[PDB]
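Bear in mind that the values in this text are calculations on the coordinates, not laboratory data. Quick reminder, even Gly has a Cβ in these numbers, built from the backbone with ideal geometry, and neighbours come from all protein chains shown.
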Amino acid sequence: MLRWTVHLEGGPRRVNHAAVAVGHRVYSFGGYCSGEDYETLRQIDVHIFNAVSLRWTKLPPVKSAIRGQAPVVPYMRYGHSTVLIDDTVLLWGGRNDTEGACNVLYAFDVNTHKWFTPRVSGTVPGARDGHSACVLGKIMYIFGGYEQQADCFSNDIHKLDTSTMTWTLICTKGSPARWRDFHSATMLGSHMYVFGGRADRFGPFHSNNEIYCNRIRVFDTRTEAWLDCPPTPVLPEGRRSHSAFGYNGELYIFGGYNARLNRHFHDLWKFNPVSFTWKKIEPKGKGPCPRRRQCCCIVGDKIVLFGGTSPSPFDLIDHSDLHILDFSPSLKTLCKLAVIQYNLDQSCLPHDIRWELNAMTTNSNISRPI
Amino acid sequence: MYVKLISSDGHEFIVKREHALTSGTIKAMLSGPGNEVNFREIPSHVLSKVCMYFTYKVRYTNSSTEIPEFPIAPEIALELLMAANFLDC
Amino acid sequence: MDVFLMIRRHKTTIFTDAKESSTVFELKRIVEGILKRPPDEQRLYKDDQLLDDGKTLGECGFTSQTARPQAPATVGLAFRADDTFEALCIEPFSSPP
Amino acid sequence: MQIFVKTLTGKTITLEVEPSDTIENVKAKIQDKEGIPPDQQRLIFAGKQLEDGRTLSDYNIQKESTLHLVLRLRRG
């Protein structure tokens, strides 16, 4: 049973970034960090965490393809979304402080690392931050977020059909989920599960009536309808900037922040769509400290969790650490953890084991402590 | 249905074949060309613990109810780690 | 519900599970299919207490809380020798340094 | 006269102002007293978003009243 097995430092110090897993490597894009520059013209960022060697690397700046043309790469931003379809990360949305939000679709090839901006057609969603993105087949689904031009929360679903690069504003049936940002949306089968996020209890505008959603909402992509679903007797506290992932057919949500309670979270909740029920999960080991707007990616039976913001022991810090939650720890993993914990001499061990012990106990050098 | 795992000091451990398959190494050995396995290098106090891990793993896979941890005494951790690495489990 | 067991005789150790409600005799028939000796040629013990064929494991004291998969409860086994039974004898596992 | 600005988490910021001052003025004084650029600021009174052009007396903000400060969620 599931356990926090790795805690590593020296990664990118980022919150409000976006990341996808490609094989056993996690690609992290952009994000915010206090004290660093989010006004001037900077290229967006790509750091890669290797989940076998447990090393962070960073990709070098994008160069101009032809003299006189600018490099093709999104500007440094936060609150954007990234999804993976085949060999392509689709990056959309977000903002920086200067240029605000842009709604240009960006594509990133995970093998060649070239960026491009495929020509799209249809009703392009307005620029926004804090939306959710998820995919089913060749279709990307964008929901929610805070629209920069309309200046409002969104409860639209825009789908991008990457086969033709065509945006559709979906005319949904049923009661749409409440306008909101910094929610999550997770695909389980053909159904999109929307949880949490910041919202207004009366409408799509800020009005000093901010609320933290916890009535999960379900969107069927086959019939493009919001479903009416049974009550959940037990449910997690409302929150924003949690992480959501689907593993073995079930939804998991980690962490987040509730402003009404002024509380950061490091809990773990499982939702089973079939029983339609929630359950708080207690992993073994010391997890990450309560935090919000970290990123979570799935690598086999493990979740790579890294980044985010939390209060500083009003006085927030950004995280360069990284955690691994292992849903099914091998005996070898439990024994390395014991050898580390009891601080036993490792020089008897064969070099393959020692390489592993070293990997899980050595910081990367993207960042230094503040 | 059951298989026999013999330790270096000659203890015999009879475990469900499905449990022993938790070890990739044993999985390979039971499917060799042309049932029991002799481990000339793993003593009984280590191999008994490995079998308990088999039982624990199969029983608690895809389980979310809270359960005890798999206890690993310091005096056994280095040998157990070397065994788990050799057994790919 | 489930009790996780080690049935031990000399240098033999069987790992198996059973229900709290299953009987000592059912336990003997698992041994029979492994070690090819019938129940009437077996004695099963909880520590030093001989176990009756018709008691359930729970009635003998085996509880799921104390027979967990990572900490199986031990059941001693003795075979009939000729007209009499061998003494219950369990060889200890080796010891760490 | 004086007014207060409070975010959802807390941290009152009492500001010295007069009714003629615009909402842009109050965002300016807030930046002086907390180091928050006005573009990341959203002031709300009586559940209405305050326009940068209208002044304080245009929204009926008398002495001792509190405005609500909403910020860009740069850190989520």
Look through A:303, A:253, A:317, A:298 and report the one residue that is in a strand (DSSP E or B), within 12 Å of another protein chain (Cβ to nearest Cβ), at negative phi and surrounded by 15 or more Cβ atoms within 10 Å (Cβ to Cβ). A:317
Whether any residue in segment C:39-48 is more than 14 Å from every other protein chain (Cβ to nearest Cβ), surrounded by 15 or more Cβ atoms within 10 Å (Cβ to Cβ) and hydroxyl-bearing (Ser, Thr, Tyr) is what I want to check. yes
Any residue at all in segment D:61-68 that is touching a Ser or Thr at 6+ places or on another chain (Cβ under 9 Å), within 30 Å of residue A:80 (Cα to Cα) and not basic (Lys, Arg)? yes
May I ask you to list the residues in segment B:1-58 that are in contact with a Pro (Cβ under 8 Å, 6 or more places away or on another chain) and small (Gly, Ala, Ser)? B:7, B:8
Considering only segment B:2-20, I want to know if a residue exists there that is crowded, with 22+ Cβ neighbours inside 10 Å, at the interface with chain A (Cβ under 9 Å from one of its Cβ atoms) and farther than 15 Å from residue C:94 by Cβ. no
On the basis of being more than 13 Å from the chain's Cα centre (by Cα), under 18 Å from residue A:3 (Cα atoms) and crowded, with 19+ Cβ neighbours inside 10 Å, does residue A:236 make the cut? no
Flagged in segment B:22-43 as away from chain C (no Cβ under 14 Å), in contact with a helix residue (DSSP H, G or I) (Cβ under 8 Å, 6 or more places away or on another chain) and either part of a loop (DSSP other than H, G, I, E, B) or crowded, with 19+ Cβ neighbours inside 10 Å (or both), in numbering order, are none
Looking at segment C:20-49, which of its residues are over 25 Å from residue B:47 (Cα atoms), out of contact with any strand residue (DSSP E or B) (no Cβ under 6 Å at 6 or more places or on another chain) and assigned to a strand (DSSP E or B)? C:42, C:49
Hits in segment A:300-345 - residues which are closer than 19 Å to residue A:281 by Cβ and among the aromatic types (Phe, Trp, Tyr): A:327
Residues in segment A:61-116 that are more than 22 Å from the chain's Cα centre (by Cα) and either within 19 Å of residue A:17 (Cβ to Cβ) or of a type in the set (S, T, N, Q) (or both): how many? 7
I need the full set of residues from segment A:350-363 which are touching a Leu at 6+ places or on another chain (Cβ under 7 Å) and in a loop (DSSP other than H, G, I, E, B), in order please. A:360, A:363
Can you tell which of D:39, D:21, D:52, D:58 is under 26 Å from residue A:129 (Cβ atoms) and more than 12 Å from every other protein chain (Cβ to nearest Cβ)? D:52
Give B:89, B:51 a once-over and let me know the one that is within 14 Å of chain A (Cβ to nearest Cβ) and either assigned to a strand (DSSP E or B) or touching a strand residue (DSSP E or B) at 6+ places or on another chain (Cβ under 6 Å) (or both). B:51
Can residue C:66 be described as surrounded by 15 or more Cβ atoms within 10 Å (Cβ to Cβ) and not basic (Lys, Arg)? no
Restricting attention to segment A:36-53, does a residue exist that is within 14 Å of another protein chain (Cβ to nearest Cβ), more than 24 Å from residue A:133 (Cα to Cα) and polar (S, T, N, Q)? no
Given the criterion of a type in the set (A, V, I, L, M, F, W, C) and in contact with a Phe, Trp or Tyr (Cβ under 8 Å, 6 or more places away or on another chain), identify the matching residue among A:357, A:349, A:322. A:322
Only one residue in B:76, B:67 is more than 11 Å from the chain's Cα centre (by Cα), outside any helix (DSSP H, G or I) and surrounded by 14 or more Cβ atoms within 10 Å (Cβ to Cβ), so which one is that? B:67
Test each condition in (1) in a loop (DSSP other than H, G, I, E, B); (2) more than 12 Å from every other protein chain (Cβ to nearest Cβ) for residue A:207 and report the one that comes out false. (2)
Among (1) surrounded by fewer than 21 Cβ atoms within 10 Å (Cβ to Cβ); (2) under 15 Å from residue B:82 (Cβ atoms); (3) among the charged types (D, E, K, R), where does residue B:49 come up short? (1)
If you take the residues of segment A:339-349 that are surrounded by 14 or more Cβ atoms within 10 Å (Cβ to Cβ) and assigned to a helix (DSSP H, G or I), which of them is nearest to the other protein chains (Cβ to nearest Cβ)? A:339
In segment A:275-295, how many are assigned to a strand (DSSP E or B) and under 20 Å from residue A:80 (Cα atoms)? 2
Taking segment D:30-62 only, how many residues are closer than 24 Å to residue A:314 by Cβ, part of a helix (DSSP H, G or I) and not basic (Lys, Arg)? 7
Pairs with Cβ under 7 Å, 6+ apart, first in segment A:137-159 and among the β-branched types (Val, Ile, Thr), second in a loop (DSSP other than H, G, I, E, B): A:142/A:125; A:142/A:131; A:157/A:170; A:157/A:172
